[PDB]
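Two separate entries follow, structure 1 and structure 2, each one form of the same protein chain as structure tokens.
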Structure 1
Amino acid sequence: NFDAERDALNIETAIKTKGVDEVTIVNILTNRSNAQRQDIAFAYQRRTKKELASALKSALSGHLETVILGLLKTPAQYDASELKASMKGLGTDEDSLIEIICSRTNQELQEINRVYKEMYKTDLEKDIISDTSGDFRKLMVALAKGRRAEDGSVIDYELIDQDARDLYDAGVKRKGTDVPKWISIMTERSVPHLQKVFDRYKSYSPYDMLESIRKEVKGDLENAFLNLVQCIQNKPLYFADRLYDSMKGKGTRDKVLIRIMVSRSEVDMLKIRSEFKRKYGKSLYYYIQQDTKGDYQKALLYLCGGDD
């Protein structure tokens, strides 16, 4: 059962069923890859004459709408749209903002940039500028460029030690504000490289990288750098934490959990589950199931993908 024509027919049926049949809509869409869902949208329009995203908007509501509409976007469109979303307000959610931009590669970031401009008729860099300020704007602008180095074949041990010390020297030896130095090293070196930088940093600081930050820069670049480093060091662990933080406490910050599950079900969902189990003892399946209800939850559970 990947047959677009049959998928589109079953969804048309399910959408025109008196009172909609969400069970079917969810069983189909959360069990097809992003590419497969694109062929279904196509075949659905071809078949019904209306766009599928449009048909589901009318058919669906609450959190399930949000989940299903997101899934229909290609990854770049999705990211593009969640960057718009999260940078509205003064430009509010600075966490969500790194979440989306840390954790994409240079090439995903060129697509995001290109599409963003297309959907919103304005460069991503301009809204970041509008919706952020101070050093956070300088950081986000530079990340969004997606200009990290790629990879030298042998591990470039030479440059690591230099960066390690330089981060320590700018951050906490000299210390006020050679924050530019932090911005550049954190944005222009490859992830693997920076992972090693974070290990060798321990040699220079009495604290590990994360501990060293706690107390430095306060201006969001404290909290923004705690997020970026976790994200570089260990993406699965990073999303696992953010997933848990969204589901902890009375109720749920359903934006973060939805975005993550939709955005990561095809990238590293298995490692995320793995890490989540070890760090909190319970599986991701379980907190979701518990913390969500209805067709909404089984849509997440399907995107979670497995009972652990």
Structure 2
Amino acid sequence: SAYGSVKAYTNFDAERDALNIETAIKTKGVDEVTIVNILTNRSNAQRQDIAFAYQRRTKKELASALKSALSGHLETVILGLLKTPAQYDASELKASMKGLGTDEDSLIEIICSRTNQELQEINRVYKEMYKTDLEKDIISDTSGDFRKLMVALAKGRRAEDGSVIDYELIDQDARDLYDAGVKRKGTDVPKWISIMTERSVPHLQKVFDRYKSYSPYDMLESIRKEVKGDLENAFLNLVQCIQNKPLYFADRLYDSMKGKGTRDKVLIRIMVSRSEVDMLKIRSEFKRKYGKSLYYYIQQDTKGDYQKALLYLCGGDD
């Protein structure tokens, strides 16, 4: 993707990077800025190479030494940046299901936003890591139609974005979602789940637009009237991700910062997991909607080497 904010380092020397990181870790009080300076400016692939080189000579896992050396929010950023995308998501997903007190917000964010390709690797990696399938763990922590929705999405088997646009199916899908929701008493949720999980994203974009032709309310408002709870939250997030994924993340970023304090879990995860996907488009949507940059809000809400790390993931003012 040409829309990430963290690009590969041109002058990449994987051994110099490991050596310098060890020097920085060992020194008194820890040289965080150097640790940050390197990793936030190396691609994930490049951090894998820094990782391999570093273990080849310290006897230690880079992640372990860093988990030791660093603390607080900055620890969370750095250890998340070290994992591959597939591994980072698998572990956030596992933490969302943690205990009985489920973090529906995080589960929803990831499952709703990840592509077929990403979920192929996410499902794979989750098994090797936790010795259970992702689907099994989702079934265990969620129920009702919320579970059905979450499970179907996690299979990552959306139709691929075809060559031919199927306008007949776009129109029928729009009526079907009308007929299953605002037209009828209550809701036919499995029609919603089927349509919204199986069709290509470019297709559903056109469906939700054509849906405005049949329904007094757009899809987002229709969801709000038809359902509630996790199910409603899931659908709302999903329709946002389909319509404008970058805006979706921009809005979640705004939300994590707009009020008192910071929702650091959401902020850190968005900045880490989207840095090499669409952070540029996220930054662009953010600035357009909110009049000020992402960079600026991060700066107001966070401090220290934590703040510097995040700003580097952001990659520019505006």
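Here the rigid core means the biggest group of C-alpha atoms that line up within 1.5 Å when the two forms are laid on top of each other. Here, a residue number simply tells you its place in the sequence of structure 1, counted from 1.
*Asks:* If we fit on the core, is the Cα of residue 146 displaced 2 Å or more between the two structures?
*Replies:* It does not, since the residue 146 C-alpha is displaced less than 2 Å between the two structures after the core fit.
*Asks:* Answer yes if the Cα of residue 134 shifts by 2 angstroms or more between the two structures on a rigid-core superposition, and no otherwise.
*Replies:* Moves: no, less than 2 Å.
*Asks:* Given a core-based superposition, decide whether the C-alpha of residue 236 shifts by 2 Å or more between the two structures.
*Replies:* Shift at residue 236: below 2 Å after core fit.
*Asks:* If I align on the rigid core, how far apart are the two C-alpha positions of residue 262 between the two structures? Answer in Å.
*Replies:* In the core superposition between the two structures, the C-alpha of residue 262 moves 0.2 Å.
*Asks:* Any chance you could measure the C-alpha shift of residue 101 between the two structures with the core superposed, in Å?
*Replies:* After core superposition, the C-alpha of residue 101 moves 1.6 Å between the two structures.
*Asks:* For residue 91, tell me the Cα shift between the two structures once the rigid core is superposed, in Å to one decimal.
*Replies:* That residue's C-alpha is offset by 5.3 Å.
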